[PDB]
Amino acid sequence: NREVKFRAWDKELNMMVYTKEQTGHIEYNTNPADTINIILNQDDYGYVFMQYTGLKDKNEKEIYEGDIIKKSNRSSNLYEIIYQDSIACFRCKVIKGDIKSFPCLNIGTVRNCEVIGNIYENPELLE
């Protein structure tokens, strides 16, 4: 009942795919679960997969892995959404600059954040 879904950055065409941005035809002779796994783990197809976190920002925008958010604070910081296996969580990684926050990523702490770009479509936000 939780939404499980992904967006993809196509490294060949420099394009983010959510639904039908791109066309295709997939064919596999395996079950649904094995199919998802095969696709997710085909690195040479040139798609980078990013998972929807299950949280929405200040504006109802769905927050994905690889998103860059700001705390609608008047503050100078930028954060990157990362999944960290070792804490089995999505969390914020500081991109800029004062490295002091950012608490747990949760429904409370994102109530005043905004998605501003992501690490693929917005290199101007990087480093």
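Numbering starts at 1 and runs along the sequence shown.
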(Q) Quick check: 94-102 versus 37-45, which has the larger average CA B-factor in the record? (A) 94-102
Q) With respect to the recorded C-alpha B factors, which stretch has the higher mean value, 24-32 or 62-70? A) 24-32
**Q.** residue 112 - Cα temperature factor, lowest/middle/highest third of chain
**A.** lowest
Q) If you rank every modelled residue in this chain by C-alpha B factor, which third holds residue 80: lowest, middle or highest? A) middle
Q) What third of its chain, lowest, middle or highest, does the C-alpha temperature factor of residue 2 fall into? A) highest
Q: Grab the CA temperature factor for residue 8 from the record and place it in the lowest, middle or highest third of its chain.
A: lowest
